[PDB]
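A single chain comes next, written as structure tokens; it is the form deposited without adenine (ADE).
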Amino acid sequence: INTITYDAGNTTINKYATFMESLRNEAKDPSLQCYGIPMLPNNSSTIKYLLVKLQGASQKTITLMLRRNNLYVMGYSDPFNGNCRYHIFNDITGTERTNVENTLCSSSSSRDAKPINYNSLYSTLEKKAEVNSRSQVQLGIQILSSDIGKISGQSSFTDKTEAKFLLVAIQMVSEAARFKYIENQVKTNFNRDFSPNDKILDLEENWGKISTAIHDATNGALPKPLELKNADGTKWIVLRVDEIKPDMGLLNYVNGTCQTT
């Protein structure tokens, strides 16, 4: 397993761009692409996971563990009282839950559990964060850095604080890797807090559908119109791969053959 590192507390646009490229390159199957967009591996690859080590306020760190097959965050660890403190979502099942603990903490000599007492669905995180929608949760570099400090090394924090941290980190790491559009929103707003627009949220919700549509396209034509949203919330109807391609960073794994270029 490899670790991609990113210091959100002392950074620049160009450093975040490099981080995104590194994350995409570690996540993707080296051999799979459709229409020149790299695709994630199936769930039976030899290297199943990846670590993303984030640094933030007061140089405190959190490590995210991501599944390569779909880039979902499985849990995170923080240095706490000399221990690898591992936090896993409450629906991560049996032996994979064992694997997440062992993967997060392998080089560490001591560990302690602090479970995430909920699952990773956006609806769940929004409920825990006490917001109507993650549209209401500002994103940004400084926010990410500060949120890291509210969790890492802290003996106590509320589920709300955690869920807001997770909304920010999941979108700025996994969703940004999946979507160049979302990466570009971060970079455009690099020096400020921003409210994610309707296109960010819509892309996040439709990644699977988009990945299927692109994979199953013949000579660039999507089998059915894809109903998405523009940045200002208006309806965006996509008919061909080239219309959506510039927004894509990674495709979800989809079995079968596709036009690779």
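Numbering starts at 1 and runs along the sequence shown. Between two forms, the rigid core is defined as the largest C-alpha subset superposing within 1.5 Å.
- Checked against the record, the higher mean CA B factor of 74-82 and 184-192 lies with 74-82.
- The stretch 125-133 shows the higher mean C-alpha B-factor when 125-133 is compared against 144-152 in the entry.
- Set against one another, the Cα B-factors of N206, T61, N230, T46 in the record reach their highest point at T46.
- Residue-level inspection of the entry shows that, of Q138, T161, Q171, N117, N117 has the top Cα B-factor.
- Per-chain ranking of the deposited C-alpha B factor places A221 in the middle third.
- In the PDB entry, a CA B factor belonging to the highest third of its chain's modelled residues is recorded for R111.
- Among the modelled residues of its chain, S31 has a C-alpha B-factor that falls in the highest third, as given in the PDB entry.
- Remark: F157 belongs to the middle third of its chain, ranked by C-alpha B-factor as recorded.
- Among the modelled residues of the chain, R178 sits in the lowest third by CA temperature factor in this PDB entry.
If you look for the form solved in complex with adenine (ADE), you will not find it shown, but the lines that follow are about it.
- Not displayed here, adenine (ADE) is kept clear of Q142 by more than 4.5 Å at the level of heavy atoms in the bound PDB entry.
- In the bound PDB entry, adenine (ADE) sits within 4.5 Å of a heavy atom belonging to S174.
- Taking non-hydrogen atoms only, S120 approaches adenine (ADE) to within 4.5 angstroms in the bound PDB entry.
- At a distance threshold of 4.5 angstroms between non-hydrogen atoms, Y181 is out of contact with adenine (ADE) in the bound PDB entry.
- Here the chain stands by itself, but in the bound PDB entry one stretch of 66-74, 214-222, 46-54, 192-200, 66-74, has heavy atoms within 4.5 Å of adenine (ADE).
- Residue-level contacts in the bound PDB entry: of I151, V100, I170, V186, one residue has a heavy atom within 4.5 Å of adenine (ADE), and it is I170.
- After superposing the rigid core, the Cα of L51 is displaced by less than 2 Å between the shown form and the other one.
- Once the rigid core is used as the reference frame, the Cα position of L66 differs between the shown form and the other one by less than 2 Å.
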